[PDB]
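These notes are about the structure you will find just below.
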Amino acid sequence: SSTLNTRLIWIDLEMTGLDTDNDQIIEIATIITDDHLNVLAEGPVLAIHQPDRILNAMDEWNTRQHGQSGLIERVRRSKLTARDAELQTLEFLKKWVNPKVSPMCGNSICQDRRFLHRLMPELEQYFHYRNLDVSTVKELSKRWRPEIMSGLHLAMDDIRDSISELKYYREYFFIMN
Amino acid sequence: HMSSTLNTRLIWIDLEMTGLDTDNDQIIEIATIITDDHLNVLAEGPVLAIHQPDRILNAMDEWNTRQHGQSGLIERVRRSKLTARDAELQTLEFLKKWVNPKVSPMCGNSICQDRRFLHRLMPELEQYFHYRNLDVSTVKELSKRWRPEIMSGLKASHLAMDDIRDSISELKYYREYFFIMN
Ligand SMILES: [Ca+2]
Ligand SMILES: [Ca+2]
Ligand SMILES: [Ca+2]
Ligand SMILES: [Ca+2]
Ligand SMILES: [Ca+2]
């Protein structure tokens, strides 16, 4: 049975672009699991408001992606600042995991951590300094077990896919004895 | 398995810094190693100390002062005439003989930290990597929780080149005990 010290925080962000120095966060989502990847609770899925000048200055790829998903319209309608979403996320996390206990879990986590550091530093500091990036395992699996790869940007569904991807590796790639 | 090429190799890297602040601290040491996709070491790269003025060295906290004093890195830094640009260029020169640009993920331990310093202080080198990371410490986090009984088998120094060697040895250890290779 899991405790406040034996749980994992999973997180995904959507941004206005790939520039970790300049672009904004427009969506955040979190999921809590135990050390054995059982989902315990899903956190708030929050769209962060951005002015139209920022949305209209996105490149074509991001305009297509975030428009088609409906994120852009949710961002327009949202009244939440980055700070509002940060506080709501923290309020949720504190009920499930103690501070500095969980590594930051998900796919391509370094990118997420860099955006969090600049725009949501208090949230960033709630994580342990370690990362648990499923894409590291994928890099190894592509090279050492290419035959299992055939078996494999909406924030909450993105996290579920990441958790599910790691369970796939646990079954076929890791010795669990 | 096929023989390795410029498109099927891995760049392992480690940096030593004046501290943990990715916004304000400096790089004082860099090393690289080239492996194939199956962790055969093909070539070890240049070990370079980057010069820093005394004010910056004096401002280091206790842990860094203790470690880098004992290891001989601080004195190497003082005597060094290399800038971060010099060290960046010598490394790039080594890498281009072994690996094509944007082919290899950034490999090592605590790689996100290294990438962030590289982005600020050696962006051309940072851009030579593929955007993905291969962080052995992710595997360690999994091993701590799923195979705690094997952690004691992990085996010294605090220098960049020794750090890379250790991360390669660590991953080889996981390959033998934690991964299904068949
Ligand atoms: Ca992510
Ligand atoms: Ca994302
Ligand atoms: Ca290091
Ligand atoms: Ca070897
Ligand atoms: Ca490192």
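Order of appearance sets the numbers: ligands from 1, and atoms from 1 within every ligand. FYI, side chains are in, hydrogens and waters are out, and symmetry mates aren't considered; it's all heavy atoms of this structure. Letters go in sequence order (proteins before strands), and every chain restarts at 1.
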*For atom CD of B/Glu93, decide whether the heavy atoms of other residues, nucleotides or ligands shown that lie under 6.0 angstrom number more than 12.*
no
*Any N/O/S of A/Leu13 under 3.0 Å from the Ca ion (ligand 2)?*
yes
*Compute the angle centred on the Ca ion (ligand 5) spanning O of B/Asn109 and OD2 of B/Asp114, and express it rounded to 10 degrees.*
90°
*May I ask you to check whether over 12 heavy atoms, not counting those of A/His36, lie within 6.0 Å of atom NE2?*
no
*Can a donor-acceptor pair be found between the side chains of B/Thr138 and B/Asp135 at a distance below 3.5 Å?*
no
*CZ of B/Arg66 to CG of B/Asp61: how many Å apart, nearest 0.5 Å?*
10.0 Å
*With the Ca ion (ligand 1) as the reference point, give the N/O/S atom of A/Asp12 that is nearest.*
OD1
*Name whichever N, O or S atom of A/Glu14 ends up nearest to the Ca ion (ligand 2).*
OE2
